[PDB]
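This report concerns only the one structure given below.
All values below were derived from every heavy atom in this structure, side-chain atoms included, with hydrogens, water molecules and symmetry-related copies excluded. To find a chain, count down the sequence lines: A is the first, B the second, and so on, and within it residues start at 1.
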Amino acid sequence: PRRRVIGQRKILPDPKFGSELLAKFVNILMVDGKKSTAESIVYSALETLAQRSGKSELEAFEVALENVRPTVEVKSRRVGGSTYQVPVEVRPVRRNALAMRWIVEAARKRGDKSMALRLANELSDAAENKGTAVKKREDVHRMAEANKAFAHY
Amino acid sequence: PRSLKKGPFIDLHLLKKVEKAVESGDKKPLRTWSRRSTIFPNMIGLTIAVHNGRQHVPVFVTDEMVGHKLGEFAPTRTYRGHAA
Amino acid sequence: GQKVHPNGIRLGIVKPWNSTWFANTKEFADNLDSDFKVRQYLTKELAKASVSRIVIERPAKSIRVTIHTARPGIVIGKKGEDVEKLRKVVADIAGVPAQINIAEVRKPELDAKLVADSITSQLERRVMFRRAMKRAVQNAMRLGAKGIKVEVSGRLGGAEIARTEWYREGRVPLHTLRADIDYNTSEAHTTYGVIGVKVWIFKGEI
Amino acid sequence: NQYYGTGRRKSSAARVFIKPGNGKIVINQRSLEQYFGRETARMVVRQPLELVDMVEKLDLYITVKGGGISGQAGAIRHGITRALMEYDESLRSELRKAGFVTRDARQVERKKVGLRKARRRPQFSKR
Amino acid sequence: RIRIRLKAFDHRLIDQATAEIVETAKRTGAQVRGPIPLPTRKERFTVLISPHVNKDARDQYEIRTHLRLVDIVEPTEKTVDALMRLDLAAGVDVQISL
Amino acid sequence: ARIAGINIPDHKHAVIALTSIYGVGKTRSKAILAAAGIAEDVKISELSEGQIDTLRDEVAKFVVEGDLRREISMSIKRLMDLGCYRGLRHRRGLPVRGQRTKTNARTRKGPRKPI
Amino acid sequence: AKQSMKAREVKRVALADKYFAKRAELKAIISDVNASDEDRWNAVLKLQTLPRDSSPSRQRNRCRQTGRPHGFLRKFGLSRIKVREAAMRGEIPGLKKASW
RNA sequence: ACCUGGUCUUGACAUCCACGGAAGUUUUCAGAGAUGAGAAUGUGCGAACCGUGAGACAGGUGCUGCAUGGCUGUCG
RNA sequence: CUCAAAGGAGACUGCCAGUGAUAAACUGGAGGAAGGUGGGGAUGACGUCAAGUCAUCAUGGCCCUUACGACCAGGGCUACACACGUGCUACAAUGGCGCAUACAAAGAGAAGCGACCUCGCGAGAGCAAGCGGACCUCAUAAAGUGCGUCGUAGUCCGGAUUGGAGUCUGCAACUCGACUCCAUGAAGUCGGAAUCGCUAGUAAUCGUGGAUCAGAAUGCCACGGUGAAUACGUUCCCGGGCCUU
Ligand SMILES: [K+]
Ligand SMILES: [K+]
Ligand SMILES: [K+]
Ligand SMILES: [K+]
Ligand SMILES: [K+]
Ligand SMILES: [K+]
Ligand SMILES: [K+]
Ligand SMILES: [K+]
Ligand SMILES: [K+]
Ligand SMILES: [K+]
Ligand SMILES: [Mg+2]
Ligand SMILES: [Mg+2]
Ligand SMILES: [Mg+2]
Ligand SMILES: [Mg+2]
Ligand SMILES: [Mg+2]
Ligand SMILES: [Mg+2]
Ligand SMILES: [Mg+2]
Ligand SMILES: [Mg+2]
Ligand SMILES: [Mg+2]
Ligand SMILES: [Mg+2]
Ligand SMILES: [Mg+2]
Ligand SMILES: [Mg+2]
Ligand SMILES: [Mg+2]
Ligand SMILES: [Mg+2]
Ligand SMILES: [Mg+2]
Ligand SMILES: [Mg+2]
Ligand SMILES: [Mg+2]
Ligand SMILES: [Mg+2]
Ligand SMILES: [Mg+2]
Ligand SMILES: [Mg+2]
Ligand SMILES: [Mg+2]
Ligand SMILES: [Mg+2]
């Protein structure tokens with residue numbers, strides 16, 4: 001906004017684990033305000049992921065995030081003449097928001113049976129730098145690489 | 001359609017017109033405006049001329065017209081296609 | 001743009017209703033139609049009696065009409081003769097026993113309905129519209145109004161192109177809800193068509 | 001003796017009765033796990049107790065009306081908090097630090113003329 | 001026991017009648033229960049203000065009907081006849097039940 | 001897996017598989033399995049020949065397939081030669097149950113035909 | 001509304017009362033489950049003989065002050081236009097501009 | 001409020017006057033109906049309410065929102 | 001006690017600190033249900049578009065008067081090569097179907113709302129209480145949750161169309177009603193250029209009611225349930241405000 005009068009909203013931690021980080025991921029996955037339906041999907045995928053690895057539900061989730069979080073992105077910048085895609089540092093919070101959004105978007109595009117299984121296969125490949133989401137993080141880093149010359153606009 | 005517990009509808013002025021002509025040999029066309037009248041199993045034969053809004057069109061009542069209303073045989077709108 | 005009706009917006013705040021009975025849905029519509037016919041008759045019969053406001057009540061199977069006026073002797077007549085002539089027509093119309101009360105409008109120069117009717121009668125007599133509005137505004141300001149506004153619209157002076165003109169003195173704060181704002185309108189039927197008059201009169205915040 | 005708290009949230013209002021006990025909870029003559037099947041609702045109800053560490057020192061008798069699952073759960077959480085403060089008054093500082101004392105005043109915004117809902121406008125077209 | 005139900009479009013007018021119904025009753029022997037403020041009814045109306053088109057330009061009106069309940073338990077004989085002759089103000093609906 | 005002259009699927013529940021017959025919807029398919037004494041959730045693959053035949057007679061109680069396809073074709077035929085308004089709508093491919101034709105009506109008209 | 005159109009509703013209101021009881025018992029026969037099959041037939045034929053304007057379904061609520069056949073409101077017996085004019089003049093008891 | 005056909009002319013809706021008649025109820029035929037022709041029963045309490053006859057008139061959702069009032073949109 | 005509705009209390013940048021021109025104010029803290037216009041509504045300045053409405057009504061002028069007035073029946077306003085606007089339902093598994101099982105708010109009703117009971121597969125029917133209502137009726141909220149099943153298919157997705165058979169309102173459902181049952185099972189597998197709404201109890205999604213009304217909502221007006229994402233910033237697009245040229 002013009003006036004910059006936008007503070008922050010508190011988010012409740014998830015029931016099973018008490019992680020606000022995970023509770024946002026349920027929110028990104030939720031549609032039509034059906035939160036319980038999204039809570040179940042996340043919990044099921046998290047257990048399939050917990051037994052597909054040796055780590056707890058959280059530590060396997062963080063390892064998935066660490067491979068999808070972008071560090072630098074490009075934003076347009078119209079100045080006296082034309083517009084350059086300037087590479088900008090992604091702030092720590094937006095790193096998590098982008099990582100979660102790409103995971104949920106990639107999993108929705110798969111072709112497995114349930115959404116709980118699709119989310120599980122994406123969270124697993126994200127631990128091995130495979131599949132989409134991880135690739136989306138690669139395409140963003142490439143664009144920000146080819147525009148490093150414009151890192152002062 | 002009309003509830004069965006009420007029986008088919010017939011305009012009373014038409015019911016007299018078919019009575020006064022089934023017993024006689026009146027083959028003159030019957031001119032009516034009563035498109036709402038159910039066709040009964042008693043005037044299979046003569047020609048009722050039903051109104052379509054601007055004239056009376058003769059329909060030759062046969063057997064298979066029983067249960068239909070008279071108006072089902074007198075179309076009201078004139079259509080021939082666009083640019084046809 | 002368009003403004004809210006100054007009377008209606010204050011009806012529960014500082015202004016009272018002009019009809020004060022109670023009814024269920026079964027007779028609400030029939031009470032409204034009989035109040036309409038009563039006021040329709042009283043207004044036509046008492047056209048020269050400076051009738052400002054006709055308040056109608058309905059205590060119980062009876063109607064009580066209160067006629068606010070500045071010429072009550074004209075309303076009443078000799079020894080209450082005329083006021084009796086209406087007490088019969090009203091009962092005929094309402095269909096219940098009728099009772100008429102005569103309230104006193106003192107200072108008619110401070111009543112919006114009377115001021116609007118004064119200007120309107122002058123316009124039907126081919127008085128200069130400018131002179132009528134100024135007189136009305138000066139009178140009310142002299143009698144102690146905190147403000148007044150008068151507006152006249154139509155083919156003023158028989159002009160072909162209609163227009164609106166208005167004067168104002170003092171304060172007329174239409175956005176203040178607790179402001180005592182007497183507002184009323186009137187219509188003149190000249191040889192060139194209808195001319196509409198609106199009058200606001202401010203009497204102080206409550 | 002008995003301690004009381006009135007809680008409200010959305011269109012819900014909860015009557016809460018607190019007395020020393022061992023940690024049993026009744027809501028409309030049902031158990032907590034019977035009444036609230038949603039897992040979030042159960043956590044919301046408990047939240048004040050896990051904070052002050054009086055989980056199994058009390059007995060909860062609770063009646064609620066109106067609203068829905070999340071409203072009633074949140075309404076109980078408010079009235080519970082008001083009960084504990086009638087119990088001990090030194091808890092207000094730590095409860096208010098958790099945002100439990102505040103009555104959440106967010107209600108459904110009314111539908112308005114010309115709008116499809118409270119704010120959704122009909123689709124616009126220049127021509 | 002007799003039931004007193006009071007209707008009016010104005011809650012100030014309805015409190016005058018109740019204040020004088022529960023005053024001309026405790027004097028004349030019988031005792032009173034109440035008055036009871038029953039839930040107010042709010043009837044709403046929405047109309048189009050323009051004589052032609054402009055569908056989104058509307059006025060929203062409302063009539064509020066206030067309700068009162070008065071219980072005269074153990075009515076003495078001087079109490080009853082002291083009720084129909086009170087003659088309450090206009091615009092106050094009064095229903096007597098036995 | 002051969003009833004009413006057609007072949008019905010073998011990997012589907014009996015209640016779903018019977019709906020492949022022209023003239024048997026979900027309701028009739030539910031009645032037949034009830035009249036034969038067979039569950040609904042049983043695949044017709046594991047149905048003994050001693051049970052398929054007990055379905056064939058029940059299907060014979062209903063006018064299905066070609067006999068129904070001829071009845072429906074005859075009903076329409078009767079309206080079209082009659083000259084009734086409904087038969088004129090069948091002649092001209094327009095909707096018959098009084099729907100709007102200024103717009104829509106594309107199921108009876110088909111895809112759009114430019115001028 | 002036109003004067004003729006207003007007079008059409010006063011006629012339809014009169015005829016709906018003059019034949020009110022005579023219409024109700026005929027439909028009592030027709031709706032009667034255990035009547036016969038020929039008096040039902042006669043009652044059906046007899047109902048068509050009464051003038052059409054005697055059925056209450058032929059009436060159209062009109063603004064009692066203008067005759068407008070649209071925008072009617074039953075609680076006041078007026079069109080939406082006249083309801084607004086009377087409401088702002090304070091001529092409808094208890095009616096004020098609503099806001100919640 | 002439109003079309004086709006069937007119908008009326010102080011008139012479906014007001015006022016005035018003349019004359020006829022309580023008003024109403026109950027049925028028959030012709031006609032799609034409007035309506036026309038009847039046929040019964042009441043005649044109570046001038047003035048109600050009907051019919052007819054005249055001419056002042058009524059009637060118009062006919063035109064002009066670029067003659068207007070009132071009301072509304074709009075920039076906001 | 002929840003609640004009903006009358007009367008009161010409460011928020012004022014009042015308090016504290018810093019900042020600031022010893023100002024206005026701002027930034028933050030305390031207390032508090034609420035903090036800086038608390039949230040939402042009502043409220044629309046002088047004027048602008050000869051903007052809309054002579055068909056709500058009123059009205060100057062003009063025009064018609066055995067007709068442009070009045071009465072009636074039938075038809076039409078529901079037409080259909082086509083083009084656009086606003087909506088509804090979908091294309092499914094965050095789903096469909098079956099069974100079980102929770103939790104609302106707001107409102108209407110006397111030529112009305114109509115329980116129970118019995119009959120009907122059902123829409124409904126017969127009988128018949130109660131209610132001018134915090135009492136009776138409409139009237140089971142649905143999404144949700146538990147268990148089963150379907151297993152990615154134009155399908156147990158979708159429900160258009162059409163045949164047959166009915167119900168109800170009404171003098172009367174042919175043109176041209178709504179709803180029920182059986183059968184039929186269309187397009188459609190996420191939509192080109194382009195374009196719209198929304199900053200929080202909002203969007204999205206889920207049901208409920210009301211006005212009009214004999215009957216006839218996917219429209220309108222209103223009510224609760226669940227309940228997000230994001231806002232670094234003001235260069236750009238659109239509209240606007242102030243000073244200057
Ligand atoms: K104008
Ligand atoms: K004119
Ligand atoms: K028609
Ligand atoms: K059509
Ligand atoms: K729609
Ligand atoms: K299917
Ligand atoms: K129809
Ligand atoms: K689309
Ligand atoms: K209806
Ligand atoms: K400039
Ligand atoms: Mg909502
Ligand atoms: Mg009520
Ligand atoms: Mg079916
Ligand atoms: Mg239709
Ligand atoms: Mg007129
Ligand atoms: Mg109607
Ligand atoms: Mg003609
Ligand atoms: Mg104009
Ligand atoms: Mg603070
Ligand atoms: Mg406004
Ligand atoms: Mg213009
Ligand atoms: Mg125009
Ligand atoms: Mg016009
Ligand atoms: Mg007609
Ligand atoms: Mg139309
Ligand atoms: Mg299906
Ligand atoms: Mg209703
Ligand atoms: Mg296809
Ligand atoms: Mg598919
Ligand atoms: Mg905003
Ligand atoms: Mg909805
Ligand atoms: Mg400024």
- Message: Under 3.5 Å for both contacts, Watson-Crick or G-U wobble geometry: does that describe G53(H) with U66(I)?
- Response: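 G53(H)/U66(I): base pair absent.
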- Do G73(H) and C49(I) meet the pairing test, Watson-Crick or G-U wobble with both distances under 3.5 Å?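 Yes, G73(H) pairs with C49(I), since both Watson-Crick or G-U wobble distances fall under 3.5 Å.
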Side chains of residues 114-127 of chain D: which donor-acceptor partners sit under 3.5 Å, not counting sequence neighbours?
| unit_1 | atom_1 | unit_2 | atom_2 | d |
| --- | --- | --- | --- | --- |
| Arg119(D) | NE | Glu109(D) | OE1 | 3.3 |
| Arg119(D) | NH2 | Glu109(D) | OE1 | 3.2 |
| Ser125(D) | OG | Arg127(D) | N | 3.3 |

Is there a side-chain contact between [X] and the phosphate of [N], meaning an N or O under 4.0 Å from OP1 or OP2?
| X | N | result |
| --- | --- | --- |
| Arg118(A) | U94(I) | yes |
| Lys35(A) | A143(I) | no |
| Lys26(C) | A110(I) | no |

- Query: Rounded to the Å, how far apart are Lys2(G) NZ and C57(I) P?
  - Reply: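 Answer to the nearest Å: 12 Å.
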- Message: Measure CD/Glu40(F) against P/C150(I) and give the value in whole Å, please.
- Response: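 From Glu40(F) CD to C150(I) P: 13 Å.
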Work out how far the [atom1] atom of [N] is from that of [M], and round it to whole angstrom.
| N | M | atom1 | result |
| --- | --- | --- | --- |
| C179(I) | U59(I) | P | 47 Å |
| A139(I) | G146(I) | P | 30 Å |
| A93(I) | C117(I) | P | 43 Å |
| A105(I) | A134(I) | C1' | 15 Å |
| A70(I) | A48(H) | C1' | 28 Å |

- Indicate for each nucleotide in nucleotides 4-10 of chain I, in 5' to 3' sequence, whether protein heavy atoms under 4.0 Å reach the base (B), only the sugar-phosphate (S), or nothing (-). SBSS---
- Item | Pair listing, salt bridge (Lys or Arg N to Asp or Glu O under 4.0 Å) test, anchored in residues 93-104 of chain F, at least two apart |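 Counting only pairs at least two positions apart or across chains, no salt bridge (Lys or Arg N to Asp or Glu O under 4.0 Å) contact touches residues 93-104 of chain F.
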- Which of these nucleotides, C80(I), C3(I), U56(I), is closest to any side-chain atom of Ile81(G)?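 The listed nucleotide nearest to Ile81(G)'s side chain is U56(I).
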Scan [X] against the nucleic acid and name what it touches under 4.0 Å (heavy atoms): base, sugar-phosphate only, or nothing.
| X | answer |
| --- | --- |
| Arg96(D) | base |
| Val96(F) | sugar-phosphate |
| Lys27(G) | sugar-phosphate |

- Message: Under the rule for side chain to side chain contact (heavy atoms under 4.5 Å, CB included), what residues qualify as partners of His82(B), not counting sequence neighbours?
- Response: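 Residues passing side chain to side chain contact (heavy atoms under 4.5 Å, CB included) with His82(B): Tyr79(B).
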- Message: Taking side chain to side chain contact (heavy atoms under 4.5 Å, CB included) as the definition, give me every residue that meets it alongside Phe62(F), ordered by chain and number, with sequence neighbours left out.
- Response: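 Side chain to side chain contact (heavy atoms under 4.5 Å, CB included) list for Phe62(F), sorted by chain: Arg28(F), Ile32(F), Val64(F).
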- Hey, which of these two, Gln55(B) or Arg68(G), hits RNA chain H nearer its 5' end, going by closest nucleotide?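 The residue whose closest nucleotide sits nearer the 5' end is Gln55(B).
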- Message: Quick check: on RNA chain H, is the nucleotide nearest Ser50(E) upstream (toward 5') of the one nearest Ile195(C), or the reverse? Name the residue that is more 5'.
- Response: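 It is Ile195(C) whose nearest nucleotide is closer to the 5' end.
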- Query: Does the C174(I) base have a donor-acceptor partner in the side chain of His68(B) within less than 3.5 Å?
  - Reply: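 A donor-acceptor contact between them is absent.
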- Task: Using the test ring pair (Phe, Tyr, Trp, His ring centres under 6.0 Å), find all partners of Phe17(D) that sit at least two apart in sequence or belong to another chain.
- Result: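 For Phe17(D), the residues satisfying ring pair (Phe, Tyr, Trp, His ring centres under 6.0 Å) (neighbours in sequence not counted) are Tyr4(D).
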